Ligand SMILES: O=C(O)CNC(=O)C(=O)O
Ligand code: NI
Ligand code: NI
């Protein structure tokens, strides 16, 4: 079923701060197309190094190649399909939590190569571009086919929601967690490419 939030799951998200949904699409043919289209974006020089050699601005902080996808004759049709599915989750957030009132979404396609990592951080921030907080909910969809237990690249999610747990970035896995509260980091990658599609709900 495509409804994510029932009595228990909502309580887990509010208490534990995260929620893991495996076999989100459960469509192998589509998963492979999302992988291919995501990989082609990198091959076609459509990504950018997030950490860019200026001081404290290099691959020490984060070493992935990212692209910001603007969302509502296309090369990323199947990626857009996933993003639409993720948009339905946002709709469910608004319908189940009365005062959530989503403002907008922000999407990032990220590719890590061998040896890539992302130091501890939280996704939420406050900048002059908006009066209020940015990024309340984080939704990460992994597309790494045939990931084994030694390839690294796991997401280390620190369970401290006002100890950690290593989440394997296996294909078709959807990770949801509260952006302002859960600290996390990407452990070093021993395989390539590590593909992850994130949609933040503001
Ligand atoms: O890709 C992941 O698993 C984790 N990504 C992030 O934390 C990020 O882009 O801010
Ligand atoms: Ni279901
Ligand atoms: Ni993050």
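Counting neighbours? That spans all protein chains shown, and the Cβs are built from the backbone with ideal geometry, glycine included. Coordinate-derived values only; no laboratory data.
Number of residues in the stretch 1-41 that are farther than 25 Å from residue 178 by Cα and more than 16 Å from ligand 1 (Cβ to nearest atom): the value is 10. All conditions in (1) within 16 Å of ligand 2 (Cβ to nearest atom); (2) surrounded by fewer than 13 Cβ atoms within 10 Å (Cβ to Cβ); (3) assigned to a loop (DSSP other than H, G, I, E, B) hold for residue 4, with the sole exception of (2). Scanning the stretch 165-176 for residues that are away from ligand 1 (no atom under 11 Å from the Cβ) and crowded, with 19+ Cβ neighbours inside 10 Å yields a total of 4.
Which condition number does residue 52 fail, the rest of (1) surrounded by 18 or more Cβ atoms within 10 Å (Cβ to Cβ); (2) more than 16 Å from ligand 3 (Cβ to nearest atom); (3) closer than 24 Å to residue 183 by Cα being met? (1) is the only condition that residue 52 fails. Answer with yes or no whether residue 146 is within 16 Å of ligand 2 (Cβ to nearest atom) and on the phi > 0 side of the Ramachandran plot. For residue 146, the condition - within 16 Å of ligand 2 (Cβ to nearest atom) and on the phi > 0 side of the Ramachandran plot - is not met. One residue stands out in the stretch 13-32 among those that are out of contact with any strand residue (DSSP E or B) (no Cβ under 6 Å at 6 or more places or on another chain) and part of a loop (DSSP other than H, G, I, E, B): the one that is farthest from residue 196 (Cα to Cα), namely 16. Just name the residue that is farthest from residue 68 (Cα to Cα) out of those in the stretch 124-153 that are crowded, with 20+ Cβ neighbours inside 10 Å and within 16 Å of ligand 3 (Cβ to nearest atom). So the residue we want is 153. Answer yes if at least one residue in the stretch 66-75 is surrounded by fewer than 10 Cβ atoms within 10 Å (Cβ to Cβ) and under 17 Å from residue 144 (Cβ atoms), and no otherwise. No: zero hits. When residue 101 is tested against (1) at negative phi; (2) assigned to a loop (DSSP other than H, G, I, E, B), just one condition goes unmet, and that condition is (1). Checked against (1) surrounded by fewer than 18 Cβ atoms within 10 Å (Cβ to Cβ); (2) away from ligand 3 (no atom under 16 Å from the Cβ); (3) at negative phi, residue 158 passes all but a single condition, namely (2).
Filter the stretch 137-152 down to the residues that are assigned to a loop (DSSP other than H, G, I, E, B) and more than 13 Å from the chain's Cα centre (by Cα) and list them by number. Answer for the stretch 137-152, where residues must be assigned to a loop (DSSP other than H, G, I, E, B) and more than 13 Å from the chain's Cα centre (by Cα): 145, 146, 147, 148, 149, 150, 151.
For the stretch 177-190, residues that are within 20 Å of residue 67 (Cα to Cα) and either surrounded by fewer than 22 Cβ atoms within 10 Å (Cβ to Cβ) or more than 9 Å from ligand 1 (Cβ to nearest atom) (or both) total 3.
Scanning the stretch 84-113 for residues that are touching a strand residue (DSSP E or B) at 6+ places or on another chain (Cβ under 7 Å) and surrounded by fewer than 15 Cβ atoms within 10 Å (Cβ to Cβ) yields a total of 0.
Pick from the stretch 164-188 the residues that are within 19 Å of residue 102 (Cβ to Cβ) and either in a strand (DSSP E or B) or more than 15 Å from ligand 3 (Cβ to nearest atom) (or both): which of them is farthest from the chain's Cα centre (by Cα)? Among those that are within 19 Å of residue 102 (Cβ to Cβ) and either in a strand (DSSP E or B) or more than 15 Å from ligand 3 (Cβ to nearest atom) (or both), it is 178.
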